[PDB]
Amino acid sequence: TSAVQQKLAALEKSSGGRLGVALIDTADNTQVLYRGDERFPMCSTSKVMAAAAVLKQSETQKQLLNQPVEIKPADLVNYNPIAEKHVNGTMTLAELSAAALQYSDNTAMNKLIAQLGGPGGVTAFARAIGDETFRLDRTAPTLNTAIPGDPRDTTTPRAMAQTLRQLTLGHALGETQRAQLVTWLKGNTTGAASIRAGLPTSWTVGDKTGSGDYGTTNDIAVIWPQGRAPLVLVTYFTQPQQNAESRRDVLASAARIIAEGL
């Protein structure tokens, strides 16, 4: 147990929930884990895998990201700020990817999942790029039920960190596609209260958040620190009671502890 792990344990104790953290520092490829091999519900952080899978498809179909997808009134779910503008019209797969990632539009995520042949298609992509832990089982919104003990729509912090690194900094995608994914993440709108809130302002972040029942509050980020090689940081958090409140501050606090321990 390291100093950083002891600080994260103290944070967890004061929070009353269960915290999972994985850092990869690409300066030396070293890792810092806290409950790194426990399963957590991904919620909307799973949207990175779906978007990446469609990017991979687009490597052998030049026009794919321009392909129109019909949005019907029945397609709208619980949170769909972009898709609801396009009901009885269309969005392109690029537009759906940006909406899913940057606004966490759930209807957009469901169109990505459909483009991949269902939740199993997203899992198949994960396996193809060497992630044996990720599983997507359901569409939105029910992929966010986040029930304790439920293996559906979960991964581990270690696994997600390794996959996010491969996607954004490694060679799981083609160069253009990797750049596009990083551009999308850097343009996230939802992130400022989470991992980013715990880091120095000068550090550049691209991230995807998630939320669900059981006060589940997630964020996965690729970080470019001032004067340092990039990091990849996963922070997962979930609480015992179904109607617990979000705790984005706990993610910020975890990020701060990680930053101060570099």
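In case it trips you up, residue 1 is the first one in the sequence shown, and so on.
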Problem - Segment of higher mean CA temperature factor, 185-193 or 115-123 - result: 115-123
Completion exercise
Of 67-75 and 152-160, the stretch with the higher mean C-alpha B-factor in the deposited entry is 67-75
Problem - Out of 244, 19, 252, 22, highest CA B-factor residue - result: 244
Fill in the blank from the handout: Highest CA B factor of 46, 211, 26, 235, as deposited, is found at 26
Handout entry: Assigned third (lowest, middle, highest) for the C-alpha B factor of residue 198
Key = middle
Practice task
Using the B-factors in the PDB entry, rank residue 145's C-alpha atom against the chain and give the third, lowest, middle or highest.
Solution key: middle
Problem - residue 177, C-alpha B-factor rank within chain (lowest, middle or highest third) - result: middle
Problem - CA B-factor ranking of residue 206, expressed as a third of its chain - result: lowest
Completion exercise
Chain thirds by Cα B factor, record data; residue 221 belongs to the lowest
